[PDB]
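If you want the building blocks of each chain, they are given just below.
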Amino acid sequence: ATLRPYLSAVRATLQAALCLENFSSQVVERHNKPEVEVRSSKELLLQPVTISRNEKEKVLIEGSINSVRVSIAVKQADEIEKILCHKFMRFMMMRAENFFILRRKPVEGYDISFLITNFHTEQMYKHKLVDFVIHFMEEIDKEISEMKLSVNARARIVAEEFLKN
Amino acid sequence: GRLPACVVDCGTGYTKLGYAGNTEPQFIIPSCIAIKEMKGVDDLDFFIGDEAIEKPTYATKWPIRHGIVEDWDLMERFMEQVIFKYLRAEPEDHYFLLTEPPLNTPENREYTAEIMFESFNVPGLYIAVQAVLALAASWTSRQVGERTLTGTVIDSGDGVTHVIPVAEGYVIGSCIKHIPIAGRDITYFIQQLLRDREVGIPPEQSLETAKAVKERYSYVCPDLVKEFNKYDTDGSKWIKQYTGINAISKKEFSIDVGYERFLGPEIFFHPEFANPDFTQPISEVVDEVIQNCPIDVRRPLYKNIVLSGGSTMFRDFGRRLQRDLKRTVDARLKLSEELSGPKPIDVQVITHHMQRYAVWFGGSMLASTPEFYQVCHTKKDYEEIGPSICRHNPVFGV
Amino acid sequence: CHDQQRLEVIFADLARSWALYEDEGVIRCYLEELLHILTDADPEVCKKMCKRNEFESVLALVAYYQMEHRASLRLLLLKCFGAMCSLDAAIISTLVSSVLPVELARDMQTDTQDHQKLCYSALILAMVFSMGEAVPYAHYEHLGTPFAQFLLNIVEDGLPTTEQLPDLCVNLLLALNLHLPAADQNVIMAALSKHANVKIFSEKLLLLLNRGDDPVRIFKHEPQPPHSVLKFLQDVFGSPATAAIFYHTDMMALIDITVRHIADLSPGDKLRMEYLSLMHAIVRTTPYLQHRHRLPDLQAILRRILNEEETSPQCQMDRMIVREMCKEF
Amino acid sequence: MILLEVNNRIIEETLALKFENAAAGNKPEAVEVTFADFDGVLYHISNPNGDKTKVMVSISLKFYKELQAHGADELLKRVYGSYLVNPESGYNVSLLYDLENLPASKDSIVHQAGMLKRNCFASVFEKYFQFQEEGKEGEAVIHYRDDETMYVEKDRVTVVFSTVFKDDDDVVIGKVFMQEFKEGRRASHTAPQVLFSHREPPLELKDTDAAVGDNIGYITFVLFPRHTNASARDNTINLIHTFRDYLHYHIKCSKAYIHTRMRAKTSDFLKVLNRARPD
Amino acid sequence: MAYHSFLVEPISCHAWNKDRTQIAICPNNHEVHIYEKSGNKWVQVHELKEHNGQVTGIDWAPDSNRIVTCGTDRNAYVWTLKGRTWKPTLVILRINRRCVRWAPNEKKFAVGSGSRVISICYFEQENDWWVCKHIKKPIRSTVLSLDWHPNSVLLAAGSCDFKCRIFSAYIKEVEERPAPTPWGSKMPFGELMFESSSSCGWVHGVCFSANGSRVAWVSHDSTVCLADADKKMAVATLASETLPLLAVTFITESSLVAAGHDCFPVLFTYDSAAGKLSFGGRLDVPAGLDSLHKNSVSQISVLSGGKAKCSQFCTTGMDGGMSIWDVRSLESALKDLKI
Ligand SMILES: Nc1ncnc2c1ncn2[C@@H]1O[C@H](COP(=O)(O)OP(=O)(O)OP(=O)(O)O)[C@@H](O)[C@H]1O
Ligand SMILES: [Ca+2]
């Protein structure tokens, strides 16, 4: 199931939907916003594509002429890992003010959501952005595992110390 | 409800913690935490308060720099030990009122809210302004006659002394002025003065000795000529003697305290003495702060001048302040009345009984009222809406 | 040209022992000169000068380090040895063939009052034994089951410092067991069978496993050695007595890590076959079919691995390994 | 501090200050302060009748009656004696101190008084220990917290506390710590046995108005004669009385460390993103 | 092969002077900058801050020496040089909502925008004011790229409607009649003379040939499509393995060069014989990028030579680099490239 070719098709699709450009609103006078987010013009919205490596962990990409919204639902092995994932995704969501390539709320039916704007696509390297996504996934996995091990270790130590008294 | 909430004002040089409603702090500790030079309970081995100032196996770190937080995790551990080791009160079964700086960022308030609500699961949380509670503490000098949230508050501490204009509980950021001379700088001035005047003092106890000199014998004078002529002509009743114990040899070391006792406290009235990059006196700073604010509230700001912080507890400080301010004021009034082809400008520098810890006193006085239970953001609202629930604190008590 | 002359002159003056009966300051200056020369100058010149006359200057530096009684000079010599090991593989084999390892061990056991010196000694020993090419039986007389129990106690209990030596001792442990022999002739495994009360080493090894990075591989030389964590885990899970170190929950956690690392690993790599073998050993010596957990997804993953008809030789070897380890019931 | 401190630092420091000021023969200064302690204890120290020569220390607990029902007065009289006096209005247990008549050794009195809550809760534990020592089998439920209840009951001694975990994550962390504490018999073989109950109490506490739920927990501490002895009474009591508080403090600590790790990971990722920009 | 680092942000539009002595550009700002060339180093000379938003389109009438510009400011400015200061004149666009190009006649300009109406505009000397008549027939989306034919009477434009139409913006009050073209005989203001057959991808690129015989366009479906009225308006498309192209221009009568999201200027040739388009390859062969510009190209004009034999190609992109190319050096570099 799990492979590296999944994040290669993910990287490729991310490279394909990183072709955005700045575009003014056709409905509102002198307004400029993300097309993929509001989804007001059906003519500017491309066919959203979903990629699943498994029944639990997948990535949904919804592109536009002036936006690219990538939602990522990470793997959920255990309950603790799920609570930790939720907590970390939330903690990252709070700092959406810093991450101008992420959004404050996750997409419905997904773990986390990042809105890569046309403005964001114009003031940052596309290649580096794709690299950022791939690194985001691999780092998500590795960091989650490390956090799990550390937490378990802490519990073991506290239990041993309390039992030794 | 039945129990009492906890109050904690973290200052640059000293952190004041205790229970609201009490007369004084239940624990007034130092603003420093011990750390290692990492997994498991490695973060549980953290010492805060006075028991961290002189650790040798660990390293003494300072968190609160100039009123603002620099390292969040350290402050988190510090609040942890302040809650469990120093206070030992059930956090889930108690509310909490935290203090903010004058230049506290909104995002910073958000972060504080996150650390207090997510990790501690506090039943109540309220982030207050220092000057807001300060004017309230100053409203505990004057009884019921004039207890208002209008006035100019000057909070001087170990890290930074500031002049902030307060109006009806709402501060005027555009009028707020920052001052360079703080308690640590006066302590340092005393250290240098003592370093140049007499010898026979260990270097490992020099700073503490200087602080002692700033504590016991330090007093502000009226003139810079008489305080020296009285020491030169008499010097038998003025010059005091200080005796300490060298921590190294456990022997009685002695020093002579004199002119420095006047100079250190004089550093505020004249910043030109120890700062080449500062020429403005405190009188001018307060004058400009009162003038650069709204004109309609200017009289009120000049009327309620409240002293807050430890660096303002020095003797006859507010006297000289009010003297210079009223002097310049009467001068400008005369100049305006000489070319007038004006009413008496009333000015008063208030000296509160708890002017040393006014920021915490005002908080204890606010948290004791029933309104503090209505004003404080609930844990429910915090979990339902988000951190933005702690972003705007209501002002009541008027 | 000047660097080679300074190094040769330093090596000649140090081999005169005339250096042991000289001033500490001058010796410090000479050692600092040699170290700075080996650190800032060309690699080829330092390699030729060190290996000159069949590692004459190196052997001389080793003997002088064995005769010296100064702590600081020992630290500088350890650093210079680290640089010389970072220079090439030949100098590493030469130093590993010398008694420098044994002396480093004895000094590590004797002088416990020197934290930095012990750290530099542990690091230098870790670098010297990071190849695991030659194994002298004489070196086993100074570093064996006793030293193994000592290091294991250093990891489990720890000393009274920055505590940055625990991970260094763990690294030295992983490096030493990299050149170990099978579960029957392994000293480390014997010590592990002796005192299985060590839970901390398991947690640390677990963190090291989940990290994915190798703490032993610092230099990049041709014919790189195998993975330390995998071999150590194999030697530990090679027998029930040695696999007894893992706790009730820790075993399941390690099973989760091995399964996840096995499933994430794409076909064609090298680590996948090794992790598969470790998974085979963990179900061979350890009670895997006891709580029967984590075996479902493992079964699905194994089935997806055996249906992988890759033309490459690596995936074929991996498939052969899983077919060898297919004890299904 | 890994383990929770048993003595109240506020009362200890205040009493130490008062005693140090009094030993110097200095003027008697008035004192008034309201403090609190874990499990919702309410302390209040003040000078009675405006007399600076007298210092009263009051303590109030919600389950003071249940504690007095198990012979708290006798233990309090044994511990304090002359110091123990008529309880203040509204308080549960009040002690008195006269500045005009004091002893030389101050450390003992301060260390004893600082453990007020511990000595107040130690009554039932001492009674049960003596009962187990006597061998009179076939013989308690104290509501220490508002939504919690501690239940204490031939060869062993069982102490099952039924506490509540409000936060959803705190239940998970507490479950991990309990899961580690149950098999904690691997570290020290001489240690007591540890059992854990997730949603329903143990067989002993069954249909005894047992509060069951997903947010509740019943931790069973099984001690033996080795730990229930009079020789190791004070320490074991000091730990057991602070079991819950230590658990919650440890879980919260885990939450904090998690916060730190999250901040760090956020820094690394944000660094990658900052490294993804042009300049 | 001459890339010049001017700014860090992206570029909007690229314009040149008559004798190609000065170059004008906008940096996604409320103002437009005009720089000249004095030696090896370039220096800015003029600055116009009339617009009230991000500038989208800008074109300079060479013979007239007069540059018109229109962007998000929902307005047009027909700037002309007044002494030592470029005076701007607000030409009312009359649109409730991204493209501008002067005609070969240099008398009237087309302003294609998001108002779904190619707003042609001529200058009325009778009222001393610019008037803008809007051609909106058969238009469903914004006008990405607009390019004229040699006739200076028929305009071509690609839309977000997945098609590149060639309509007529001929105002019979500003010029004489139009001769018969191979693209049709009936040429009226608003009359649709040609259109595309694509139902996918946005037509970001569109440019007509020098002979006026063929009109090509680049679609955002990773596909380029050139049409020839010489063979009964035959349409020849081709799918590029590379990403979508953003700008398209013809170098020769049968050889066109174009770039885009591929971030690398590519060359292509279309054989009139078989009647199909062919790919020449990568003319730009050598951060971490394998090309000059570190982002997608945004515009590609001609420096000198015409659309039949360009001697120098000017390329502006989202990389903040001015890419000056030469056909001679490109032909001397890639020996496997047939123009
Ligand atoms: N008895 C005293 N009289 C006058 N000044 C004092 C006395 N004791 C201490 N100080 C000075 O007051 C300073 C601390 O004042 P204060 O407590 O108001 O600041 P803080 O609250 O710790 O920090 P911040 O003002 O940034 O919040 C110290 O630097 C010290 O030098
Ligand atoms: Ca303060």
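Up top is the structure.
Residues numbered from 1 in each chain as written, not as in the entry; some residues may be left out. Chains lettered and ligands numbered in written order. Part of a larger assembly, values for the part shown. Heavy atoms only, no water. Residues with missing side-chain atoms left out of burial classes, pairs and counts.

Draft legend 1. Summary view of the overall build of chain C. A tally of helices and strands in chain C yields 18 helices and 0 strands. By its C-alpha atoms, chain C is 75 × 45 × 35 Å across when sized along the principal axes. (Helix = DSSP H or I, 4+ residues; strand = E, 2+ residues; numbered from the N terminus.)

Draft legend 2. Expanded view of the sheet that holds strand β1 (residues 2–5) of chain E. Residue and element names in this part refer to chain E. Spatial ordering of the open sheet is given by β1-β30-β29-β28, a layout of 4 strands whose pairing is antiparallel. Every interior strand has two partners, whereas the edge strands, β1 and β28 (297–304), have only one. Taken over all neighbouring pairs, the strand axes of this sheet differ in orientation by 20° on average, direction set aside. Pairing of β28 with strand β29 (residues 312–317), which is carried by 6 bridges, proceeds in the antiparallel orientation. From the neighbouring strand, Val302 faces β29, where its bridge partner is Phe313. (Pairing = 2+ DSSP bridges. Axes fitted to C-alpha atoms, helices over the stretch in contact; angles between N-to-C directions.)

Draft legend 3. Spotlight on the interface of chain C and chain A. Taken together, the contacts link 4 residues of chain C with 4 residues of chain A. Along the lines of polarity and charge, the residues of the side of chain C that touches chain A split into 1 nonpolar, 1 polar and 2 charged. (Contact = heavy atoms within 4.5 Å. Nonpolar A, V, L, I, M, F, W, Y, C, P; charged D, E, K, R; others polar.)

Draft legend 4. Layout of the sheet that holds strand β4 (residues 112–117) of chain A. All names here are of chain A. Taken together, the 4 strands give an open sheet; going across it, the order is β1-β2-β3-β4, and neighbouring strands pair in antiparallel fashion. On the outer flanks of this sheet lie β1 (49–52) and β4, each paired with one strand and no other. Averaged over all pairs of adjacent strands, the angle between their axes in this sheet comes to 15°, without regard to strand direction. The pairing of β1 with strand β2 (residues 58–63) spans 4 bridges and is antiparallel. Across the sheet, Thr50 pairs through a bridge with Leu60, a residue of β2.

Draft legend 5. Broad picture of the packing of aromatic side chains. Residue and element names in this part refer to chain E. Plain terms: the ring middles of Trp102 and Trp130 are 5.8 Å apart, the flat faces sit at 85° to each other, and that makes the pair edge-to-face. Of this pair, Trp102 sits in strand β11 (residues 101–102) while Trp130 sits in strand β14 (residues 129–131), and the two are 28 residues apart along the sequence. Ring geometry for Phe109 and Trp130: centres 5.8 Å apart, planes at 50°, overall tilted. Here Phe109 is found in strand β12 (residues 108–111), whereas its partner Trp130 is found in strand β14, with 21 residues between them in sequence. A connected cluster of aromatic rings, assembled from ring pairs, spans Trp102, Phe109 and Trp130. (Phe/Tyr/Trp six-rings, centres within 6.5 Å; stacked < 30°, edge-to-face > 60°.)

Draft legend 6. Structural view of the interface of chain B and chain D. Across the contact, 12 residues belong to chain B and 11 residues belong to chain D. The greatest single-element share of the side of chain B that touches chain D, amounting to 3 residues, is contributed by helix α1 (residues 72–87) of chain B.

Draft legend 7. Just the packing of helix α3 (residues 130–138) of chain B against helix α11 (residues 358–367) of chain B, in detail. All names here are of chain B. Where α3 meets α11, the axes come as close as 7 Å, and the angle between the chain directions of the two elements is 80°. As summarised for this structure, α3 and α11 are arranged roughly perpendicular, according to the angle between their axes. For the pair α3 and α11, the contacting residues are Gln130, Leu133, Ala134 and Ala137 in the first and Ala358, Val359, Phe361, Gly362 and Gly363 in the second. A per-class count over the contact of α3 with α11 returns 6 nonpolar, 3 polar and no charged. (Parallel < 35°, antiparallel > 145°, perpendicular 65-115°, else oblique.)

Draft legend 8. A look at the pairing of β2 of chain A. Residue and element names in this part refer to chain A. Counting the residues between successive antiparallel strands, the hairpin from β1 to β2 contains 5 residues. Bridge count for β2 against strand β3 (residues 67–73) is 6 bridges, and the pairing is antiparallel. Counted as the bridge partner of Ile61 is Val70 from β3. What sits between the antiparallel neighbours β2 and β3 is a turn of 3 residues.

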